[PDB]
Structures are given as structure tokens and as C-alpha cells.
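Written below as C-alpha cells is the structure these notes are about.
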Amino acid sequence: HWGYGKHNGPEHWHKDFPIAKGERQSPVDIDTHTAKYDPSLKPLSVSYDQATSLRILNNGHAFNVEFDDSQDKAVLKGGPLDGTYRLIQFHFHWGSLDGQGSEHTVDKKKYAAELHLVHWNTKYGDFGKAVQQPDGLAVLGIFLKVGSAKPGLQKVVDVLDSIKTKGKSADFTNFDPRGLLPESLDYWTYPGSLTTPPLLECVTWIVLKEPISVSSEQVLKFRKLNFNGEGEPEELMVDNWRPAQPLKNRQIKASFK
Ligand SMILES: NS(=O)(=O)c1cc(F)ccc1F
Ligand SMILES: NS(=O)(=O)c1cc(F)ccc1F
Ligand SMILES: OC[C@H]1O[C@@H](O)[C@H](O)[C@@H](O)[C@@H]1O
Ligand SMILES: OC[C@H]1O[C@@H](O)[C@H](O)[C@@H](O)[C@@H]1O
Ligand SMILES: OC[C@H]1O[C@H](O)[C@H](O)[C@@H](O)[C@@H]1O
Ligand SMILES: [Zn+2]
């Protein structure tokens, strides 16, 4: 039911998901001047060398690249995190034009897109239990700006023609998500939520400071996807981002001095 349009988008979600107006909603604007270095953060560990990708799915809202999370392969640890968080999927949010598309903003600046690598805390056994816990999930967020092509993204771009419409999927084995990272792991972190319904307040957000560059041609192919199913009137999959939400009683901490 929910979506991104005038009649079912972010301003309507609260009617079926009242937590939309909650105390730790995401995304937020990251005021870089107010964010404070936190010496209590431990080194961040992104351990993706044994990742096992499986499938890419157009879910009608974005596309998800899904991973085998049946044991610790790709995991995120350290930083603000207590315990091991297993990678389950990644997806993006993007705009109709380069000047918008990110969910988080940096001193109010919107990036062209934002990558979310989604992980669940293994002490809760399964994703469904994890989303009943305040520390159930960790999402690693990475901004995309338009410039040079990102070679590690091209395999994703080139399969999108095969999943144009809602409900289509394709095999997507042997994809290495390490090729989507920037050089630096400097980050900001804060407690928040899922950015789509059901908007559950379970997420430790870790948002990298350094964007990745992707080419205009790469993001233009994201914008050829469809929200609609096969045979239905074409609705381009663009502007699938939620705007920044009130920070409320939170502080954004920085990993860097
Ligand atoms: N609250 S909502 O965005 O899920 C929503 C769903 C509908 F089917 C119709 C209107 C809506 F506002
Ligand atoms: N955009 S998000 O990373 O907060 C997210 C991840 C999920 F697994 C489910 C819903 C979401 F909204
Ligand atoms: O095929 C993508 C990646 O899959 C992983 O499981 C392997 O360990 C990596 O060496 C490889 O780059
Ligand atoms: O009371 C002082 C403390 O205030 C908190 O809001 C800050 O997060 C801490 O960094 C600071 O030491
Ligand atoms: O790595 C993800 C995918 O990249 C390319 O599409 C390959 O042709 C395919 O075999 C692989 O599954
Ligand atoms: Zn997301």
C-alpha cells in the first residue's frame, strides 16, 4: 500500500505506521559541526571477504541484492556495535535527478543516491526477532555522488534490465560487495529506524563520510527501473527516499577527530 508518491508517500505513512512520528526515526540530517568525536567507539570491522550473494529482486520500492545469512560470512563488527551483525541484503535509494536521492543529508546537502548494507544482530537468531530489539540491526550507509564510474557497481547496473518490474528477480551469485565501499571508513553513527514501513526503531546507523563516485550512466540505469509490475502502466522507480526526520533526543557521534 505504501509507496513514494503524492498519495501514498512519506507524509502518509504515519496513518498505518504511527511510529513514523516516533522518537528515533531515520533518516536524519547530519550536522557535521555538532557531531562529536567519540573516543569510546572501537575500530570498525567490515568483513565481507566470504560474502555469498544469491539473488537480486525488484520489490516494487527498490532492488535488493540478497546474501546467504545462514552463517557468519559477511559481517559487521566494532565501532558502536556490541556483537556480530550479519549481512542480509543491500539496496539503494535514489532520485529523479542528481541533486536529490539520498536519505541522510550532510549539513542539509542531498547526494544523488545512498547505499544501505543491512545487517542483523546474530544474538537474536533471525532478522524477524532482531526487529523486535532496540539493537537488532546495523545499516552501513554510503553516499553516491556522480562523477567517475564505480567499477564494482557495474555488475549491478547491467542486470537491472532483467528485473525491470516489481516481483522480478534474477540470479546474482558471486558478487563482491567490497567493490562498493569508499577508501575511508570514517563514519558518523546514531540510533534510528528503518526508513521505510514498518519504520521500526531497531537500527544502529553507521554512515560513511566519504561518498563513492558513480557515473551518470550508472545512476541513469537505476532510474529506468519500474515501481509497477509487468503489463501495468509504467511508473519510473525514482525518488524512493524518505526525507530527514526530527533528531529529537539524539546525538550523532563521529569516529574521527
Ligand atoms: N499509510 S500508507 O502510506 O500505507 C497508505 C496506504 C494506502 F493504501 C493508501 C493510503 C495511504 F496513505
Ligand atoms: N532502508 S533501510 O535500510 O532502513 C531498511 C532495511 C530493511 F531491511 C527493511 C526496511 C528498511 F527501510
Ligand atoms: O565472488 C565474489 C566473492 O565471493 C566470496 O565468497 C569470495 O570469498 C571472494 O573471493 C569473491 O570475490
Ligand atoms: O555530560 C557531558 C556529556 O554530555 C553528553 O551529552 C555527551 O554525549 C558526552 O560526550 C559528554 O561527555
Ligand atoms: O556477480 C553478479 C553477477 O554478475 C554478472 O551478472 C554475471 O554475469 C553473473 O554470473 C553474476 O551472478
Ligand atoms: Zn534503505
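Residues are named by chain letter and number: chains run A, B, ... in the order of the C-alpha cells, numbers start at 1 in each chain, and ligands are numbered from 1 in the order shown.
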
Interface rows for chain A against ligand 4: nearest pair, Å to one decimal, 8 Å, only C-alpha atoms and all ligand atoms, as a Markdown table:
```
| residue | atom | partner | partner_atom_place_in_ligand_line | distance |
| --- | --- | --- | --- | --- |
| A:36 | CA | ligand 4 | 10 (O) | 7.2 |
| A:38 | CA | ligand 4 | 10 (O) | 7.0 |
| A:251 | CA | ligand 4 | 8 (O) | 6.7 |
```

Can you write out the residues you just picked, keeping C-alpha atoms, as a PDB file, in the first residue's frame?
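After the write, result_8.pdb holds the following:
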```pdb
ATOM      1  CA  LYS A  36      31.207  14.952  18.234  1.00  0.00           C
ATOM      2  CA  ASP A  38      33.550   9.648  20.378  1.00  0.00           C
ATOM      3  CA  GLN A 251      23.414  12.893  19.304  1.00  0.00           C
TER       4      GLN A 251
END
```

- [ ] For residue 61 (chain A), work out the shell of residues within 9 Å, counting only C-alpha atoms and skipping chain neighbours fewer than 6 positions away, then give it as a PyMOL selection string.
- [x] chain A and resi 3-4+166+226-227+237+240

TODO: Collect all residues with atoms no farther than 6 Å from ligand 5, counting only C-alpha atoms and all ligand atoms, and output them as a VMD selection string.
DONE: chain A and resid 155 159 171 to 175

Would you mind exporting the chosen residues as a PDB file, in the first residue's frame, restricted to N, CA and C atoms?
```pdb
ATOM      1  N   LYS A 155      28.304  -4.549 -12.401  1.00  0.00           N
ATOM      2  CA  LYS A 155      27.545  -5.795 -12.489  1.00  0.00           C
ATOM      3  C   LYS A 155      26.097  -5.600 -12.056  1.00  0.00           C
ATOM      4  N   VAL A 159      22.492  -5.894 -14.708  1.00  0.00           N
ATOM      5  CA  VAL A 159      21.429  -6.882 -14.544  1.00  0.00           C
ATOM      6  C   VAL A 159      20.057  -6.229 -14.430  1.00  0.00           C
ATOM      7  N   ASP A 171      19.195 -14.438 -10.728  1.00  0.00           N
ATOM      8  CA  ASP A 171      20.371 -14.942 -10.034  1.00  0.00           C
ATOM      9  C   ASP A 171      21.402 -13.825  -9.942  1.00  0.00           C
ATOM     10  N   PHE A 172      22.082 -13.745  -8.811  1.00  0.00           N
ATOM     11  CA  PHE A 172      23.100 -12.720  -8.646  1.00  0.00           C
ATOM     12  C   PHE A 172      24.205 -13.259  -7.752  1.00  0.00           C
ATOM     13  N   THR A 173      24.670 -14.463  -8.069  1.00  0.00           N
ATOM     14  CA  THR A 173      25.746 -15.099  -7.336  1.00  0.00           C
ATOM     15  C   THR A 173      27.104 -14.483  -7.676  1.00  0.00           C
ATOM     16  N   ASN A 174      28.049 -14.709  -6.776  1.00  0.00           N
ATOM     17  CA  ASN A 174      29.445 -14.334  -6.966  1.00  0.00           C
ATOM     18  C   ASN A 174      29.646 -12.833  -7.142  1.00  0.00           C
ATOM     19  N   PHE A 175      28.865 -12.031  -6.414  1.00  0.00           N
ATOM     20  CA  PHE A 175      29.069 -10.590  -6.388  1.00  0.00           C
ATOM     21  C   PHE A 175      29.792 -10.195  -5.104  1.00  0.00           C
TER      22      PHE A 175
END
```

TODO: Could you give me, as a ChimeraX atom specification, the residues within 10 Å of residue 9 (chain A), counting only C-alpha atoms and dropping anything in the same chain fewer than 6 positions from it?
DONE: /A:1-3,196,240-242

Open item on the list: Can you tell me which residues surround region 201-207 of chain A at a distance of at most 7 Å, considering only C-alpha atoms, apart from same-chain residues fewer than 2 positions away, and format the answer as number ranges by chain?
Closed with: A: 24-25, 131, 133-142, 187-194, 199, 209

Task: Shell of 8 Å around ligand 2 (only C-alpha atoms and all ligand atoms), written as a ChimeraX atom specification - done: /A:26,88-93,116-119,139,193-199,203

Go ahead and save the picked residues with N, CA and C atoms, as a PDB file, in the first residue's frame.
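Produced file again14.pdb, reproduced below:
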```pdb
ATOM      1  N   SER A  26      14.498   7.622  11.222  1.00  0.00           N
ATOM      2  CA  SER A  26      15.544   7.843  10.239  1.00  0.00           C
ATOM      3  C   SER A  26      14.917   8.087   8.880  1.00  0.00           C
ATOM      4  N   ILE A  88      22.551  -9.257   5.331  1.00  0.00           N
ATOM      5  CA  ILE A  88      21.414  -9.927   4.716  1.00  0.00           C
ATOM      6  C   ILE A  88      21.125  -9.411   3.307  1.00  0.00           C
ATOM      7  N   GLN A  89      21.262  -8.107   3.066  1.00  0.00           N
ATOM      8  CA  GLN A  89      20.946  -7.554   1.761  1.00  0.00           C
ATOM      9  C   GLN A  89      21.551  -6.165   1.682  1.00  0.00           C
ATOM     10  N   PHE A  90      21.699  -5.675   0.457  1.00  0.00           N
ATOM     11  CA  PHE A  90      21.875  -4.249   0.240  1.00  0.00           C
ATOM     12  C   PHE A  90      20.895  -3.757  -0.821  1.00  0.00           C
ATOM     13  N   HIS A  91      20.636  -2.455  -0.761  1.00  0.00           N
ATOM     14  CA  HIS A  91      19.781  -1.757  -1.716  1.00  0.00           C
ATOM     15  C   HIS A  91      20.207  -0.293  -1.724  1.00  0.00           C
ATOM     16  N   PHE A  92      19.592   0.470  -2.614  1.00  0.00           N
ATOM     17  CA  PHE A  92      19.849   1.884  -2.770  1.00  0.00           C
ATOM     18  C   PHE A  92      18.546   2.675  -2.695  1.00  0.00           C
ATOM     19  N   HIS A  93      18.710   3.977  -2.455  1.00  0.00           N
ATOM     20  CA  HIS A  93      17.679   4.993  -2.631  1.00  0.00           C
ATOM     21  C   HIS A  93      18.265   6.033  -3.575  1.00  0.00           C
ATOM     22  N   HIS A 116      22.557   1.215   1.221  1.00  0.00           N
ATOM     23  CA  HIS A 116      22.320   0.661   2.544  1.00  0.00           C
ATOM     24  C   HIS A 116      22.674  -0.814   2.537  1.00  0.00           C
ATOM     25  N   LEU A 117      23.688  -1.170   3.320  1.00  0.00           N
ATOM     26  CA  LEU A 117      24.060  -2.553   3.583  1.00  0.00           C
ATOM     27  C   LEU A 117      23.443  -2.912   4.928  1.00  0.00           C
ATOM     28  N   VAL A 118      22.522  -3.873   4.907  1.00  0.00           N
ATOM     29  CA  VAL A 118      21.662  -4.170   6.048  1.00  0.00           C
ATOM     30  C   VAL A 118      22.160  -5.415   6.755  1.00  0.00           C
ATOM     31  N   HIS A 119      22.315  -5.329   8.078  1.00  0.00           N
ATOM     32  CA  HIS A 119      22.845  -6.420   8.878  1.00  0.00           C
ATOM     33  C   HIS A 119      21.980  -6.624  10.117  1.00  0.00           C
ATOM     34  N   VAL A 139      22.811  -0.742   9.912  1.00  0.00           N
ATOM     35  CA  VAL A 139      22.818  -0.404   8.499  1.00  0.00           C
ATOM     36  C   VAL A 139      24.021   0.486   8.251  1.00  0.00           C
ATOM     37  N   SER A 193      16.040   4.148  12.840  1.00  0.00           N
ATOM     38  CA  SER A 193      14.953   3.278  12.428  1.00  0.00           C
ATOM     39  C   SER A 193      15.162   2.791  11.005  1.00  0.00           C
ATOM     40  N   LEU A 194      14.325   1.839  10.604  1.00  0.00           N
ATOM     41  CA  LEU A 194      14.121   1.586   9.186  1.00  0.00           C
ATOM     42  C   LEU A 194      13.566   2.858   8.555  1.00  0.00           C
ATOM     43  N   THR A 195      13.947   3.102   7.296  1.00  0.00           N
ATOM     44  CA  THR A 195      13.489   4.300   6.590  1.00  0.00           C
ATOM     45  C   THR A 195      12.281   4.052   5.699  1.00  0.00           C
ATOM     46  N   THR A 196      11.771   2.835   5.667  1.00  0.00           N
ATOM     47  CA  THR A 196      10.511   2.525   5.015  1.00  0.00           C
ATOM     48  C   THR A 196       9.618   1.845   6.037  1.00  0.00           C
ATOM     49  N   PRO A 197       8.308   1.848   5.818  1.00  0.00           N
ATOM     50  CA  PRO A 197       7.430   0.995   6.632  1.00  0.00           C
ATOM     51  C   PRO A 197       8.007  -0.404   6.724  1.00  0.00           C
ATOM     52  N   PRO A 198       7.985  -1.023   7.914  1.00  0.00           N
ATOM     53  CA  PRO A 198       7.269  -0.605   9.126  1.00  0.00           C
ATOM     54  C   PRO A 198       7.997   0.381  10.044  1.00  0.00           C
ATOM     55  N   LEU A 199       9.125   0.960   9.616  1.00  0.00           N
ATOM     56  CA  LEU A 199       9.716   2.123  10.306  1.00  0.00           C
ATOM     57  C   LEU A 199      10.193   1.784  11.719  1.00  0.00           C
ATOM     58  N   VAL A 203      17.578   0.192  14.615  1.00  0.00           N
ATOM     59  CA  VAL A 203      18.772   0.309  13.784  1.00  0.00           C
ATOM     60  C   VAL A 203      19.845   1.141  14.467  1.00  0.00           C
TER      61      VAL A 203
END
```

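Taking CA of residue 23 (chain A) and CA of residue 250 (chain A) as endpoints, the distance between them is 8.9 Å.
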
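In this structure, CA of residue 257 (chain A) sits 13.5 Å away from CA of residue 43 (chain A).
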
TODO: Please write out the residues within 10 Å of ligand 3 as a list in words, counting only C-alpha atoms and all ligand atoms.
DONE: residues 48, 49, 50, 51, 52, 53, 73, 74, 172, 173, 174, 175, 176, 177, 178 and 179 of chain A

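Using only C-alpha atoms and all ligand atoms, the shortest contact distance between ligand 1 and any of A:256, A:13, A:120, A:85 is found at A:13.
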
- [ ] Name the residues in contact with residue 30 (chain A) at a cut-off of 8 Å, using only C-alpha atoms, excluding same-chain residues fewer than 5 positions from it; report them as a list in words.
- [x] residues 35, 104, 105, 106, 107, 108 and 252 of chain A

Open item on the list: For region 97-103 of chain A, find every residue with an atom within 9 Å (counting only C-alpha atoms), except residues of its own chain fewer than 4 positions away, and show them as a PyMOL selection string.
Closed with: chain A and resi 26-29+92-93+109-115+143-146+195+216+219-220+238-244

Those same residues - N, CA, C and O atoms - I'd like them written as an mmCIF file, in the first residue's frame.
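Listed below is the output, again.cif:
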```cif
data_model
loop_
_atom_site.group_PDB
_atom_site.id
_atom_site.type_symbol
_atom_site.label_atom_id
_atom_site.label_comp_id
_atom_site.auth_asym_id
_atom_site.auth_seq_id
_atom_site.Cartn_x
_atom_site.Cartn_y
_atom_site.Cartn_z
ATOM 1 N N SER A 26 14.498 7.622 11.222
ATOM 2 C CA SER A 26 15.544 7.843 10.239
ATOM 3 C C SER A 26 14.917 8.087 8.880
ATOM 4 O O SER A 26 13.794 7.648 8.610
ATOM 5 N N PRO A 27 15.639 8.740 7.969
ATOM 6 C CA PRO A 27 16.976 9.308 8.137
ATOM 7 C C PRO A 27 16.919 10.625 8.896
ATOM 8 O O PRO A 27 15.846 11.090 9.287
ATOM 9 N N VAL A 28 18.097 11.204 9.115
ATOM 10 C CA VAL A 28 18.275 12.499 9.750
ATOM 11 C C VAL A 28 19.281 13.293 8.935
ATOM 12 O O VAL A 28 20.088 12.744 8.181
ATOM 13 N N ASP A 29 19.245 14.607 9.134
ATOM 14 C CA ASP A 29 20.341 15.447 8.701
ATOM 15 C C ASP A 29 21.503 15.282 9.675
ATOM 16 O O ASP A 29 21.332 15.287 10.899
ATOM 17 N N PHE A 92 19.592 0.470 -2.614
ATOM 18 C CA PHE A 92 19.849 1.884 -2.770
ATOM 19 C C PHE A 92 18.546 2.675 -2.695
ATOM 20 O O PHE A 92 17.448 2.144 -2.882
ATOM 21 N N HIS A 93 18.710 3.977 -2.455
ATOM 22 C CA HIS A 93 17.679 4.993 -2.631
ATOM 23 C C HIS A 93 18.265 6.033 -3.575
ATOM 24 O O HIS A 93 19.455 6.356 -3.477
ATOM 25 N N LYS A 109 22.940 18.958 2.692
ATOM 26 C CA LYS A 109 23.217 18.619 1.307
ATOM 27 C C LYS A 109 22.719 17.214 0.994
ATOM 28 O O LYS A 109 23.018 16.260 1.723
ATOM 29 N N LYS A 110 21.969 17.102 -0.106
ATOM 30 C CA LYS A 110 21.459 15.842 -0.614
ATOM 31 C C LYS A 110 22.421 15.297 -1.660
ATOM 32 O O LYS A 110 22.820 16.020 -2.577
ATOM 33 N N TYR A 111 22.745 14.016 -1.547
ATOM 34 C CA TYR A 111 23.510 13.300 -2.553
ATOM 35 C C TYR A 111 22.572 12.661 -3.585
ATOM 36 O O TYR A 111 21.357 12.583 -3.406
ATOM 37 N N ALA A 112 23.162 12.188 -4.685
ATOM 38 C CA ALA A 112 22.388 11.587 -5.769
ATOM 39 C C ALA A 112 21.762 10.259 -5.376
ATOM 40 O O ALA A 112 20.722 9.877 -5.930
ATOM 41 N N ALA A 113 22.356 9.544 -4.435
ATOM 42 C CA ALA A 113 21.815 8.258 -4.031
ATOM 43 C C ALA A 113 22.498 7.867 -2.727
ATOM 44 O O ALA A 113 23.449 8.515 -2.266
ATOM 45 N N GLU A 114 22.002 6.784 -2.145
ATOM 46 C CA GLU A 114 22.529 6.270 -0.895
ATOM 47 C C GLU A 114 22.368 4.754 -0.896
ATOM 48 O O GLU A 114 21.287 4.227 -1.193
ATOM 49 N N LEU A 115 23.469 4.068 -0.604
ATOM 50 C CA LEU A 115 23.543 2.619 -0.492
ATOM 51 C C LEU A 115 23.388 2.229 0.971
ATOM 52 O O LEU A 115 24.044 2.814 1.839
ATOM 53 N N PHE A 143 27.046 7.258 0.759
ATOM 54 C CA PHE A 143 26.544 8.208 -0.211
ATOM 55 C C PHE A 143 27.153 7.957 -1.583
ATOM 56 O O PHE A 143 28.313 7.554 -1.710
ATOM 57 N N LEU A 144 26.358 8.252 -2.616
ATOM 58 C CA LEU A 144 26.791 8.227 -4.004
ATOM 59 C C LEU A 144 26.717 9.633 -4.573
ATOM 60 O O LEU A 144 25.672 10.289 -4.487
ATOM 61 N N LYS A 145 27.822 10.076 -5.161
ATOM 62 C CA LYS A 145 27.864 11.280 -5.968
ATOM 63 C C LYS A 145 28.174 10.879 -7.398
ATOM 64 O O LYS A 145 28.706 9.803 -7.664
ATOM 65 N N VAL A 146 27.843 11.754 -8.325
ATOM 66 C CA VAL A 146 28.007 11.470 -9.741
ATOM 67 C C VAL A 146 29.321 12.067 -10.216
ATOM 68 O O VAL A 146 29.562 13.274 -10.082
ATOM 69 N N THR A 195 13.947 3.102 7.296
ATOM 70 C CA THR A 195 13.489 4.300 6.590
ATOM 71 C C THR A 195 12.281 4.052 5.699
ATOM 72 O O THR A 195 11.819 4.987 5.045
ATOM 73 N N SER A 216 27.211 9.079 -14.311
ATOM 74 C CA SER A 216 25.855 9.451 -14.677
ATOM 75 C C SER A 216 25.140 8.288 -15.349
ATOM 76 O O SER A 216 23.963 8.026 -15.070
ATOM 77 N N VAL A 219 23.793 5.719 -12.659
ATOM 78 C CA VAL A 219 22.574 6.109 -11.951
ATOM 79 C C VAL A 219 21.393 6.238 -12.912
ATOM 80 O O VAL A 219 20.255 5.951 -12.543
ATOM 81 N N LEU A 220 21.628 6.643 -14.160
ATOM 82 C CA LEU A 220 20.526 6.707 -15.116
ATOM 83 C C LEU A 220 19.879 5.343 -15.307
ATOM 84 O O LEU A 220 18.669 5.258 -15.545
ATOM 85 N N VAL A 238 11.958 6.139 -9.223
ATOM 86 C CA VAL A 238 12.788 7.286 -8.894
ATOM 87 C C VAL A 238 12.227 7.925 -7.630
ATOM 88 O O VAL A 238 11.037 7.805 -7.327
ATOM 89 N N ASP A 239 13.090 8.659 -6.916
ATOM 90 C CA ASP A 239 12.701 9.382 -5.709
ATOM 91 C C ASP A 239 12.125 8.450 -4.653
ATOM 92 O O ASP A 239 11.160 8.777 -3.961
ATOM 93 N N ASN A 240 12.792 7.314 -4.475
ATOM 94 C CA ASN A 240 12.423 6.330 -3.462
ATOM 95 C C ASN A 240 13.198 6.553 -2.167
ATOM 96 O O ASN A 240 13.768 5.626 -1.593
ATOM 97 N N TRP A 241 13.209 7.803 -1.710
ATOM 98 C CA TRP A 241 13.872 8.222 -0.487
ATOM 99 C C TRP A 241 12.888 8.908 0.453
ATOM 100 O O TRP A 241 11.995 9.635 0.023
ATOM 101 N N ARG A 242 13.085 8.699 1.744
ATOM 102 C CA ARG A 242 12.369 9.411 2.793
ATOM 103 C C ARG A 242 13.174 10.639 3.190
ATOM 104 O O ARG A 242 14.397 10.554 3.348
ATOM 105 N N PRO A 243 12.533 11.791 3.376
ATOM 106 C CA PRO A 243 13.270 12.974 3.841
ATOM 107 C C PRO A 243 13.738 12.839 5.290
ATOM 108 O O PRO A 243 13.306 11.976 6.058
ATOM 109 N N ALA A 244 14.659 13.729 5.658
ATOM 110 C CA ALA A 244 15.174 13.764 7.019
ATOM 111 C C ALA A 244 14.058 14.010 8.026
ATOM 112 O O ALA A 244 13.162 14.829 7.810
#
```

Task: strand (DSSP E) call set, DSSP backbone run, region 102-244 of chain A, as a VMD selection string - done: chain A and resid 105 to 106 113 to 121 137 to 146 169 to 171 187 to 192 203 to 208 212 to 214

Could you write those residues out with N, CA, C and O atoms, as a short mmCIF file (atom, residue, chain, number, x, y, z; two decimals), in the first residue's frame?
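Contents of the output file part_8.cif:
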```cif
data_model
loop_
_atom_site.label_atom_id
_atom_site.label_comp_id
_atom_site.auth_asym_id
_atom_site.auth_seq_id
_atom_site.Cartn_x
_atom_site.Cartn_y
_atom_site.Cartn_z
N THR A 105 21.27 13.40 4.90
CA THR A 105 21.87 14.59 4.32
C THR A 105 23.03 15.00 5.21
O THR A 105 23.12 14.61 6.38
N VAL A 106 23.95 15.77 4.64
CA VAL A 106 25.15 16.20 5.33
C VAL A 106 25.15 17.71 5.30
O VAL A 106 25.30 18.31 4.23
N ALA A 113 22.36 9.54 -4.44
CA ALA A 113 21.81 8.26 -4.03
C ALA A 113 22.50 7.87 -2.73
O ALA A 113 23.45 8.51 -2.27
N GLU A 114 22.00 6.78 -2.15
CA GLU A 114 22.53 6.27 -0.89
C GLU A 114 22.37 4.75 -0.90
O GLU A 114 21.29 4.23 -1.19
N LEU A 115 23.47 4.07 -0.60
CA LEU A 115 23.54 2.62 -0.49
C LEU A 115 23.39 2.23 0.97
O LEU A 115 24.04 2.81 1.84
N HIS A 116 22.56 1.22 1.22
CA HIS A 116 22.32 0.66 2.54
C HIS A 116 22.67 -0.81 2.54
O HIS A 116 22.04 -1.61 1.84
N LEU A 117 23.69 -1.17 3.32
CA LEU A 117 24.06 -2.55 3.58
C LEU A 117 23.44 -2.91 4.93
O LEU A 117 23.79 -2.33 5.96
N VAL A 118 22.52 -3.87 4.91
CA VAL A 118 21.66 -4.17 6.05
C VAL A 118 22.16 -5.41 6.76
O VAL A 118 22.39 -6.44 6.11
N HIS A 119 22.31 -5.33 8.08
CA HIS A 119 22.84 -6.42 8.88
C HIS A 119 21.98 -6.62 10.12
O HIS A 119 21.46 -5.66 10.69
N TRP A 120 21.87 -7.87 10.56
CA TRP A 120 21.13 -8.18 11.77
C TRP A 120 22.01 -8.83 12.83
O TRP A 120 22.96 -9.56 12.53
N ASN A 121 21.68 -8.53 14.08
CA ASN A 121 22.47 -8.94 15.24
C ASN A 121 22.26 -10.42 15.51
O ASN A 121 21.14 -10.85 15.80
N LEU A 137 19.47 -4.30 14.46
CA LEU A 137 20.01 -4.11 13.12
C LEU A 137 21.13 -3.10 13.12
O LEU A 137 21.19 -2.20 13.97
N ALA A 138 22.01 -3.22 12.13
CA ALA A 138 23.01 -2.20 11.83
C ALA A 138 22.96 -1.99 10.33
O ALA A 138 23.05 -2.96 9.56
N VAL A 139 22.81 -0.74 9.91
CA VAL A 139 22.82 -0.40 8.50
C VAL A 139 24.02 0.49 8.25
O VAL A 139 24.20 1.52 8.92
N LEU A 140 24.86 0.05 7.31
CA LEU A 140 26.00 0.81 6.84
C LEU A 140 25.54 1.59 5.62
O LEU A 140 25.13 1.00 4.60
N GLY A 141 25.54 2.91 5.74
CA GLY A 141 25.08 3.81 4.70
C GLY A 141 26.25 4.48 4.01
O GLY A 141 27.19 4.93 4.66
N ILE A 142 26.16 4.56 2.68
CA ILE A 142 27.23 5.10 1.84
C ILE A 142 26.60 6.02 0.81
O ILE A 142 25.68 5.62 0.08
N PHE A 143 27.05 7.26 0.76
CA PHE A 143 26.54 8.21 -0.21
C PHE A 143 27.15 7.96 -1.58
O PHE A 143 28.31 7.55 -1.71
N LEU A 144 26.36 8.25 -2.62
CA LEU A 144 26.79 8.23 -4.00
C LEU A 144 26.72 9.63 -4.57
O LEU A 144 25.67 10.29 -4.49
N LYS A 145 27.82 10.08 -5.16
CA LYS A 145 27.86 11.28 -5.97
C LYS A 145 28.17 10.88 -7.40
O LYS A 145 28.71 9.80 -7.66
N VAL A 146 27.84 11.75 -8.33
CA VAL A 146 28.01 11.47 -9.74
C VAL A 146 29.32 12.07 -10.22
O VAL A 146 29.56 13.27 -10.08
N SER A 169 12.97 -11.19 -10.29
CA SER A 169 14.25 -11.46 -9.67
C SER A 169 15.17 -12.13 -10.68
O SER A 169 14.74 -12.66 -11.71
N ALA A 170 16.46 -12.15 -10.34
CA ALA A 170 17.45 -12.82 -11.16
C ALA A 170 18.56 -13.37 -10.27
O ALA A 170 18.84 -12.83 -9.21
N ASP A 171 19.20 -14.44 -10.73
CA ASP A 171 20.37 -14.94 -10.03
C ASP A 171 21.40 -13.82 -9.94
O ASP A 171 21.60 -13.05 -10.89
N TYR A 187 33.26 7.56 9.82
CA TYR A 187 31.80 7.48 9.85
C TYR A 187 31.19 8.34 10.94
O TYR A 187 31.85 8.74 11.90
N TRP A 188 29.89 8.57 10.79
CA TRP A 188 29.01 9.08 11.82
C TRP A 188 28.06 7.95 12.23
O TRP A 188 27.68 7.10 11.42
N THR A 189 27.62 7.97 13.48
CA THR A 189 26.71 6.95 13.98
C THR A 189 25.67 7.55 14.92
O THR A 189 25.95 8.49 15.66
N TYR A 190 24.48 6.98 14.88
CA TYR A 190 23.39 7.38 15.75
C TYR A 190 22.35 6.26 15.76
O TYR A 190 22.30 5.45 14.83
N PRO A 191 21.46 6.24 16.77
CA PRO A 191 20.39 5.23 16.82
C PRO A 191 19.17 5.71 16.05
O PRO A 191 18.72 6.85 16.25
N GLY A 192 18.62 4.86 15.21
CA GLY A 192 17.46 5.23 14.41
C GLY A 192 16.58 4.08 14.05
O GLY A 192 16.38 3.15 14.84
N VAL A 203 17.58 0.19 14.62
CA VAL A 203 18.77 0.31 13.78
C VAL A 203 19.84 1.14 14.47
O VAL A 203 19.59 2.28 14.88
N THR A 204 21.07 0.62 14.50
CA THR A 204 22.26 1.46 14.70
C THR A 204 22.74 1.85 13.31
O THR A 204 23.16 0.99 12.52
N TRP A 205 22.68 3.14 13.01
CA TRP A 205 23.12 3.67 11.72
C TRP A 205 24.60 3.99 11.78
O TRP A 205 25.07 4.63 12.73
N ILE A 206 25.32 3.59 10.74
CA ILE A 206 26.74 3.89 10.57
C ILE A 206 26.82 4.45 9.15
O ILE A 206 26.65 3.70 8.19
N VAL A 207 27.05 5.75 9.03
CA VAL A 207 27.00 6.45 7.75
C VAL A 207 28.42 6.91 7.43
O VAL A 207 29.02 7.70 8.18
N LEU A 208 28.99 6.39 6.34
CA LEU A 208 30.36 6.75 5.98
C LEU A 208 30.43 8.20 5.50
O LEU A 208 29.56 8.67 4.76
N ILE A 212 31.07 7.45 -2.44
CA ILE A 212 31.60 6.81 -3.63
C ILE A 212 31.14 7.62 -4.83
O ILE A 212 30.08 8.26 -4.81
N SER A 213 31.95 7.61 -5.87
CA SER A 213 31.57 8.19 -7.14
C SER A 213 31.03 7.10 -8.04
O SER A 213 31.61 6.01 -8.13
N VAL A 214 29.93 7.41 -8.71
CA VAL A 214 29.35 6.56 -9.75
C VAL A 214 29.15 7.44 -10.98
O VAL A 214 29.10 8.67 -10.88
#
```

Task: Residues of region 126-168 of chain A in helix (DSSP H, G or I), written as a count of residues only - done: 17

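Separating CA of residue 71 (chain A) from CA of residue 184 (chain A) is a distance of 27.3 Å.
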
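When only C-alpha atoms are used to compute distances to residue 87 (chain A), the closest of the residues A:16, A:210, A:72, A:11 turns out to be A:72.
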